[PDB]
Each structure stands twice: as C-alpha cells, then as structure tokens.
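Q: Going letter by letter, the first sequence gives residues 110 to 125, 141 to 164 in PDB author numbering. Sharing a structure here in structure tokens format.
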Amino acid sequence: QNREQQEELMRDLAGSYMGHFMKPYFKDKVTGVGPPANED
DNA sequence: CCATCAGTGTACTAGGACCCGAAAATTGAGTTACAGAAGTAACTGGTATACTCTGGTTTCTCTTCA
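What follows is the structure, given as structure tokens:
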C-alpha cells in the first residue's frame, strides 16, 4: 500500500489541459489538425 | 407620475505581453572509409624614412703673376 502511494505520488508528478480539447477535439499527434469536414 | 437620464457594482470580455513545461530535435563521442575545401602555421623579399659623411660653396684674406 505504501509503495502504491509512492507510485501515485510519482504519477501525480508525471500528470498533466483543456484547451487541447477545444474546437478541433480530434487532432493528429503528428500534425495537430482535425479530421476533414463532415458532409453536414 | 411617468416619462429620462449618470452612476454603480459587478462578472465578462479585450488586448497584451509573458511564462511554464513538455516533447521533439540536436549535439556530442566512437570507429572507418572517401575527396576536397577551409584554415591557420610557418620563412622570405622589397621598398621607403631617417641618416651620415661629403661635395660643394662662400667669403676672406692672400697667391701668383703681370
């Protein structure tokens, strides 16, 4: 349990926003552009 | 008295720089090739600003004819 608490502390140190999920919610991890437009 | 018309007390913008961290990219050493281009590291002339007797000059008494 204590080592799990330590690992939780470390994943807190290694945790990270909401702007990244704005208008183009989906986006490449390469280029960072959304998918093409719908037909709608 | 119901029109009108500043202020007001705020969260909600509007610019406006600015910062924090993460992730990607680079740098760096190690080897060994490869060809050629930089990149200093070296000896070796070449011509002018002082420079040092020196050749001429200049009166100034004198030398030598005349």
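Idealized CB from N, CA, C, for every residue including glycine.
DSSP state of residue 119, grouped into three classes?
A: Reduced to three states, the DSSP call for residue 119 is helix.
Q: Contact check, residue 158 vs residue 145 under 8 Å by CB: the rounded distance?
A: About 12 Å; that fails the 8 Å criterion.
Q: To the nearest angstrom, how far is the alpha carbon of residue 125 from that of residue 116?
A: Their Cα atoms are separated by approximately 16 Å.
Q: Out of curiosity, what's the CA-to-CA distance linking residue 161 and residue 141?
A: So the two alpha carbons sit approximately 25 Å from each other.
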